[PDB]
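*Asks:* Once you've seen the sequence and the experimental structure below, I've got questions.
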Amino acid sequence: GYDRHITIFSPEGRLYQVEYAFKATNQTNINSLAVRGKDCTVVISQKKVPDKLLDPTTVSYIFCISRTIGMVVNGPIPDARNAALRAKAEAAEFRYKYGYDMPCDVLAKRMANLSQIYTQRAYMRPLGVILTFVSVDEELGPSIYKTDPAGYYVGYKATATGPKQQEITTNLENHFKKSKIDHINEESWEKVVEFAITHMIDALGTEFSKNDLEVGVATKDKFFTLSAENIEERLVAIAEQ
Amino acid sequence: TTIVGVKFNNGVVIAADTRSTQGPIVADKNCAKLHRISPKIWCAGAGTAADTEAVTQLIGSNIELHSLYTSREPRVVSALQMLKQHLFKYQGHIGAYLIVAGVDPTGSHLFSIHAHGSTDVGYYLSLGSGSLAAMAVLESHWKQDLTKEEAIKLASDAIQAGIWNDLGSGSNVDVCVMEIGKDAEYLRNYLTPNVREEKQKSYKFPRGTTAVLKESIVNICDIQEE
Amino acid sequence: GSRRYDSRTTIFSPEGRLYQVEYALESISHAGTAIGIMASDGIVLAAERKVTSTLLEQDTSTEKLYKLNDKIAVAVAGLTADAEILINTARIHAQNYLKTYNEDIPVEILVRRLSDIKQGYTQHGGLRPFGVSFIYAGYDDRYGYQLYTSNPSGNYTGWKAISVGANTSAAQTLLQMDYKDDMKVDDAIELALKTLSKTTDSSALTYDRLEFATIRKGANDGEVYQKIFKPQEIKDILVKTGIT
Amino acid sequence: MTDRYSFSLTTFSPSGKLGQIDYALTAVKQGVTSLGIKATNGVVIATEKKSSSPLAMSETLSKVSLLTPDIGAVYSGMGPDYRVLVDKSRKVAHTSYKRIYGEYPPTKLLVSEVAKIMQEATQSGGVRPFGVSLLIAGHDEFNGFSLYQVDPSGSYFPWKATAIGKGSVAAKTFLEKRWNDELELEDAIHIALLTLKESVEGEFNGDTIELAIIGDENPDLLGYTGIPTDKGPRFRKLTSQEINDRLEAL
Amino acid sequence: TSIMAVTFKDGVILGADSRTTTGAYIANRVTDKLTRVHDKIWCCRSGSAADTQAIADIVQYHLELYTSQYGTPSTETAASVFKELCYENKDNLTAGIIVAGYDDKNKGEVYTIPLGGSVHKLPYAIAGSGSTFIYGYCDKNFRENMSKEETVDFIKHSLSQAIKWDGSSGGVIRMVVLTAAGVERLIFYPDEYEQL
Amino acid sequence: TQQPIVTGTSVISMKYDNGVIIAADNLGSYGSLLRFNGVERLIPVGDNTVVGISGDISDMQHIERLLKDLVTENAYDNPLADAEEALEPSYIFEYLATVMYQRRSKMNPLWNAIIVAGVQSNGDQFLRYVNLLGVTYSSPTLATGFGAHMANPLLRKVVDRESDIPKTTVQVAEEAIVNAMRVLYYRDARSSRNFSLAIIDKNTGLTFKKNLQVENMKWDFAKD
Amino acid sequence: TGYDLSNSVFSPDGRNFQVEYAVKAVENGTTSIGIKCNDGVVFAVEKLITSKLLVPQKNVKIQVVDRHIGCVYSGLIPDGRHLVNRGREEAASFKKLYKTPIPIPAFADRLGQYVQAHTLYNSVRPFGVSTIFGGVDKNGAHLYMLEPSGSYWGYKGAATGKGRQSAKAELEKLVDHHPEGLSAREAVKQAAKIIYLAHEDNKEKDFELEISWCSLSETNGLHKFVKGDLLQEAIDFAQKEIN
Amino acid sequence: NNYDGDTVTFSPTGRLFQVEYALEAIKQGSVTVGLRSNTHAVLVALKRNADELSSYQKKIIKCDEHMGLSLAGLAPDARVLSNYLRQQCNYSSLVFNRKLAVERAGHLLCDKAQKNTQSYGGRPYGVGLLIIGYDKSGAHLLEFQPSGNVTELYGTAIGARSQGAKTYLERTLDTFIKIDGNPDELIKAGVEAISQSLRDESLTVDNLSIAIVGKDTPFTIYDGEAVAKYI
Ligand SMILES: [Cl-]
Ligand SMILES: [Mg+2]
Ligand SMILES: [Mg+2]
């Protein structure tokens, strides 16, 4: 039974090491969510600091890949940072070679191709992570593209990742069934973040303080993360209506 | 060789003469110097003709693959970056001097490129042995906010200056117009101001004039059946 | 480390056999039968395609018979993809020889080269062998018409008549019975088709299940012609020999 | 580090089977159905866009891919394996042909190059076979229209019409009854849509079906005018609306 | 080329002419010699146009990758990356680069990297063929902690003289101002600076 | 193979009874252009060694970084890095001499002439020279470039042989060095008025003097 | 089963058992700690005196990287030395290209990526150490702890080895009782106490205390070992607290 | 058990069995003792013969004028490691005109041994070493294990029955550390130490091997009638 140890086919045509890498993805017990506005793309993720000895400012699963592209990761931090460093290197090289900023969907494809190689080559293991890339692309507009350990990737109107992804997914599905549009019809990113947090609260059934969340926002020509005090202002507005 | 590039209202135009030489001898009287890198990115080449042709096709090939990989139409800045890095690596030994022009989702663009790898931006440019004659015309008649018709006129007038005044240039004017939101229109032999006059005499020989030693049928067909 | 997952493809058994070679030969025994017969005035190559469909485009299809150069052809039995790798290598070797000596490569020299490549995969590299057996039909001005076979071990031998693939035991007995030294191509064509007709696992032998080829000096004067038969031409020769 | 897996991971078993290739074919069998039909004046290839989530934008996932202006490809099996094979196939069409002969390869030879890549993943050290079967449709001047299937082993076969994946056995029987040598392209598209409906459970429309043709030259898709010999690509992907128009005449 | 960079109270300003030369022929009369390698780190280029463009593109790549990992780089760090390329490839390069940048901690800084690949931190720097003619003028007229308007005048007057005497220099005078307030581009035409 | 671009001129030095003195001006020339006026060409290593460098400035800055790295490396896993296992002048010189000879042997030299001045653990004076060719030598007085032709003759009048070293005080030695720097300013066209001077003494340690100037000059007699 | 016989193999849980077994070697090692103070960091380690024949103060465990970073580790000592050697190469190349000394967060990732790389292949073994490291850069003090998996975070206080539970509890008290912060000299005293308190898990043999620190005010942002009078003062403070 | 097939595999309790098996080869080896004062450092080694016709296997190897070691375990592995030490001592002298510190020599040996414990295909070294030397900080004694662990000591012993000599040195610690400026008495203490590890056999003239290094004493090895004085 060595077909379960390396990435070769089982008699059912399955790759067990890939399947087990998907399971490692939920080891952090963290849920993330991404949505698109008119002018922006918002990504939120749960933040859990279980040890009082930790410096909470260094605990993060959101990464600034380039000026325009942000990435949230679902999975262990070592594999997350491995993927982050590579994505940063790939984005920088792309700009040098081809003279323009690497698009979000193209970076997703590139990282997905790298992941595919780990499923075919025996000496390399898959990374136990799911990567959600976000940006406001200069051609395609607000963009969400998500990669997994199988080497699969696709664009999203909105998406969710983590142990409780299904609850969040169904909640988002129901909203877009009502509105009948592919995005949040809102002018400011502040209100799109408020939408994202509200619908995560509804889906998970839990309340959040300023230290329980982590937020990333993509606008035209920059991606940035919010501070605890920026998130607090967001939480206050949600409670006041 | 005379090649020019001119920006206008809603796009860019490039033009070139059609003479290729080997020292003082004219090898081809109707040469095609306007090359296609991609459907809406065209370039004209001066210098070593094989190098301009080869470097254009290599980058054009890689641009096509890049376009397929990214699901996006190719950009002029990509062609420029790939061309300059390739040429810099070979330290001028690849003798390609190019004017690169085109339209893409970002807009309309005009650049020039020198064999060592240096690039330039401009509203009007000229390259080749007839570049000084062409640039004289461009510096005399260029203005901001040219129309399509004015730019074609200016570009071909600049090539004509090279044709008539530079011995390295001659014959016809080729033009390619790249306008935003339109197909690029390649105008081969846009002007033909150098048709040879009828000769004074016919030099068709009587049949049997040439002395022959042997005749034989050459078998170009494959080995036959039966 | 990695040793754990190594099958060790190039080792002897306690009996002194090469495991992977033996198992590759087992694979080849399930492939469609290919037959080669050598006559005084030419060579015949006949081969059976494996259980086909009515929607298969036969006239553009090739799985059995391949041209190596103008004088040499091969019949394949085994993994088609493996065979095409070796076939391309053989085509290159023939051209290398032609460039070097300005003469067409003698048949045996080409056969030895391909057979040596097969041998290498059984002695070093830790890779699986090629699951292919070839019948080589060819002509040169030293030995004239020649038939050879090679198998995954890299061993090769010469033949007057030979079969590879499925039911070779039955096929070889039938060939040994009816073959004679003074035989001609037209007689050899009939023997090859009759042998396939009796050994086939199909209900009947039809044109759409066959590939056929002849190498004849039936080319206008001292030269050799290769003829890869078309579907209609296989249909005609089946009627002529009285099988359909 | 270093790749220390320099030995084959696909080997012959006592019965003569190459296990990893058989298992790859099993993965293809589980894959979503795709098909191809050849007409007198064209070829059609089609498949279902099985969307993993309704929040996913399935237009961003292309199952039918342009390889050259006159050659297209579709698959059944593992999507990621297909995606990298399309990248390699596009590149090899240039490196081993267009950069040599100044023209795009004929369908049969590009198929041959893709097959070679798939064969090597079956013998080279430290790799598994590709878990896909490909259907490649194309046109070239001297061979006309053609359709090829490529399997994990690297074997390839030319077809008049065929199907691969989930419901291939039933689909091939359906195609045998309908196919003749006098079909026009529109007839082949009609038959393709009829055949594909049988293997689809849920929604059946232009948004859930991906369909492309190899047909007439499209000068409107060339992107430039002025060269008479350049007349445009023969590969064209049908739009959502174009599919729905032909579903009313179904 | 006539190029210079000058630190002042609020930051630093880079200045340059716009002439590119192949012999006596002006191959480009409206060249942009002030090049951006990071948001508030720019450089002035002199020497081979191919070499200095290649170097600047590589530095921009290095600082873009630095920023993604470690945040905004210092001007000293940018100068070091320039130096590494110029020093290690001294046999094959003809490049004279002035690096200028604005930090909030360090404020305006200027580094000059001559042919050999050495680095020199200075209050102001001049380079290019035209600089030879203004060593006297610049040394007599430079003061530390000048205002924005004074520094613009100093550069305008300096490059005016460099253009007047150096045939290789000419066209328009461009400047780029680097402060806490942001990045401002300036341009001055012949009819303005020739009458100074 | 290259050519020096930005260059530094003479470095001069001598031994005295309790230690060594070394000096060099603060100029970086660009051919005949006196381009850079604030260049430090004496580089201290710890509190017992000063390395003086002439020739190519880009290569000097490279050597400066090598010495900085040498101090970092010596401190690694070394509890006695500031005591018995500190860097000696002799260690620093031998390392540089190795690098210089290796670089000339690859036909890619560091275009410099270097003088390492210092005091050893046992109090012994250290003074040795190395250049772009890997050539090395020691003497009671050492000087590079123009200094070799003009400074050495003056410094050798103070310490002519080994036995003159114990008879030479630090005041007499510094006086001689300062006078030599004045003479070089009179006569070397690639020299400057501003210079640095370093004294390494076995009792009082390392004294580094910056922003020194050539003074008490005679020109008056030029009016005739 | 068999999933734990080879590195880089995912178990059906999604776990790398070989990495988890490396943690067991870390837990078997001596206690080492790190404390983040107002303008710097303090490192301390327990050194077991196996025999009288060990020369006191000679077998130094804490290691310096560059001139501003300190590193201490518990587990297989040679593995820790190998990691520090790599760290020294990483810091040297950073300073070579970028001039400035490597920032602590930057240095943390360099070690992290290297340790993570030893979980990607079966041809290598994971590191059998957890490393506590940090120092002062342009943005102030930073303290990190890095595990065999490659995982690392920033810390206010950190502990690893056989007496890590005891040490952690002591560190948590300091965080609660000093929200404003701890001075460098206080942190040295507290570090001595915590190692002495954590020595109860290793009470069979007696030990030797080793402390180091980097502080902006006390050491000019350079890494230095605590020696002589300041070390004795910390030992006295520690001995007073256990009695 | 299932985790001792190679050096690249941890056991479930975090042990490296191949390294532990390499450690076992040292325990089978013949006893050797190391001890030092403030002026000198001494190695004493019991050499082992194959039979009465055979020679006695040499145990002590000189690395430089100021440094050398004694071995216990696989002798060819000691030759590889001592050759490496000779090269490193030599590199230090040629490049830096500097005698290699004994502590730094220990660090280099640790790192060389470590690489063979973390990679596939290789194996750990199967030998233990006792390194003595005199450098700028005086006399030194080091103990090397092929796990990579190197330790600085006043005295120690490795090999079969080494525990008897190690206990003796632990008692005598305060006495032998004070034997300054008297080489003969320091060797006497070492010969008396190694005697606590003998059974059935005693120290003969071709059995005993002694080495010494000190303040004004280059590393020298004594064998044959040169050690009869100490028998
Ligand atoms: Cl890729
Ligand atoms: Mg793998
Ligand atoms: Mg001028």
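*Replies:* That came in fine, so what should we check first? Numbering: from 1, shown residues only, chains lettered A, B, ... in the order given. Ligands and ions are numbered 1, 2, ... in the order given.
*Asks:* contacts, neighbours, all on C-alpha from now
*Replies:* Noted.
*Asks:* Near ligand 2, which residues of chain G? Just list them.
*Replies:* Near ligand 2, no residue belonging to chain G is found when assessed by CA under 5 Å from the ion.
*Asks:* so where do the helices sit in chain D?
*Replies:* Under the criterion DSSP state H, chain D contains helices at D:19-30, D:79-93, D:99-101, D:107-120, D:168-178, D:185-199, D:240-248.
*Asks:* Equivalent analysis for chain B, please.
*Replies:* Using DSSP H, helices in chain B cover B:49-70, B:76-89, B:131-141, B:148-165.
*Asks:* quick one: the second one near chain A?
*Replies:* Right, the one you point to is helix B:76-89. Yes - using CA under 8 Å from any CA of the partner chain, a contact is recorded between helix B:76-89 and chain A, made by B:77-79, B:81-82.
*Asks:* thinking again about what came up before, looking at the helices of chain B, which is closest to residue E:119?
*Replies:* Closest of these to residue E:119 is helix B:76-89, at 25.0 Å (criterion: CA to CA).
*Asks:* okay, the angle between the closest one and helix B:49-70?
*Replies:* Here helix B:76-89 points in a direction 130 degrees away from that of helix B:49-70 (axes from the mean of the first three to the mean of the last three CA atoms, to 10 degrees).
*Asks:* in helix B:76-89, what's buried?
*Replies:* B:76-88 (16 or more other CA atoms under 10 Å in any protein chain shown).
*Asks:* so which of the residues of helix B:76-89 next to chain A comes closest to chain E?
*Replies:* residue B:81 (9.7 Å; CA to the nearest CA).
*Asks:* Go ahead and confirm that closest one touches residue A:98.
*Replies:* Yes - counting by CA atoms under 8 Å, residue B:81 touches residue A:98, with 5.9 Å between them.
*Asks:* which helix in chain H runs the most residues?
*Replies:* Counting residues, the longest helix found in chain H (DSSP H) is helix H:75-96.
*Asks:* correction: chain C
*Replies:* Scanning chain C for the helix with the most residues, using DSSP H, yields helix C:80-101.
*Asks:* That one near chain D at all?
*Replies:* Yes - using CA under 8 Å from any CA, helix C:80-101 reaches chain D at C:80-82, C:85.
*Asks:* which is the next helix or strand following that helix?
*Replies:* Going down the chain from helix C:80-101, the next helix or strand is helix C:107-123, by DSSP states H and E.
*Asks:* Centre of the chain to that next one, how far?
*Replies:* Centroid displacement of helix C:107-123 relative to its chain, using CA atoms, centre = their mean, to the nearest Å, is 15 Å.
*Asks:* And for stretch C:195-213, what's in contact with it?
*Replies:* Applying CA atoms under 8 Å, 6 or more residues apart in numbering or on different chains, the external contacts of stretch C:195-213 come out as C:33, C:35, C:44-52, C:58, C:64-65, C:167, C:170-171, C:174-175, C:226-229, C:231-232, C:234-235, C:238, C:243-244.
*Asks:* Out of the residues you listed, which end up buried?
*Replies:* Taking 16+ other CA under 10 Å as the criterion, what is buried in the contacts of stretch C:195-213 is C:33, C:35, C:44-50, C:58, C:64-65, C:167, C:171, C:174-175, C:226, C:228-229, C:231, C:234-235, C:238.
*Asks:* burial count for the nearest residue in space to residue D:225 that is not next to it in sequence?
*Replies:* Among residues not flanking residue D:225 along the chain, residue B:185 sits closest, at 4.9 Å (CA to CA, 6 or more residues apart in numbering or on different chains). Neighbour count of residue B:185, defined by other CA atoms under 10 Å in any protein chain shown: 19.
*Asks:* measure residue B:185 to residue D:123 for me?
*Replies:* 50 Å (CA to CA, to the nearest Å).
*Asks:* now residue E:22
*Replies:* Per CA to CA, residue E:22 is found 58 Å from residue D:123.
*Asks:* neighbour-wise, which of those two wins?
*Replies:* The neighbour count for residue E:22 versus residue D:123, taken as other CA under 10 Å, is higher for residue D:123 (22 against 9).
*Asks:* Show me the helices in chain G, by range?
*Replies:* Counting by DSSP H, chain G has helices at residues G:17-28, G:77-98, G:104-117, G:164-177, G:184-198, G:228-242.
*Asks:* Quick one: check the strand of greatest length in chain H for contact with chain G.
*Replies:* What stands out as the longest strand in chain H, according to DSSP state E, is strand H:127-135. No - figure legend: strand H:127-135 not in contact with chain G (CA under 8 Å from any CA); closest approach 13.9 Å.
*Asks:* Sheet partners, orientation included, of that strand?
*Replies:* Strand pairing for strand H:127-135, determined by DSSP bridges: strand H:67-73 (antiparallel), strand H:138-144 (antiparallel).
*Asks:* From the chain's centroid, how far away is it?
*Replies:* Here strand H:127-135 shows a centroid-to-chain-centroid distance of 5 Å under the convention CA atoms, centre = their mean.
*Asks:* which other residues reach it?
*Replies:* For strand H:127-135, the external contacting residues (CA under 8 Å, 6+ apart) are H:22-23, H:25-26, H:33-34, H:40-43, H:66-75, H:77-78, H:99-102, H:139-146, H:158, H:213-215, H:219.
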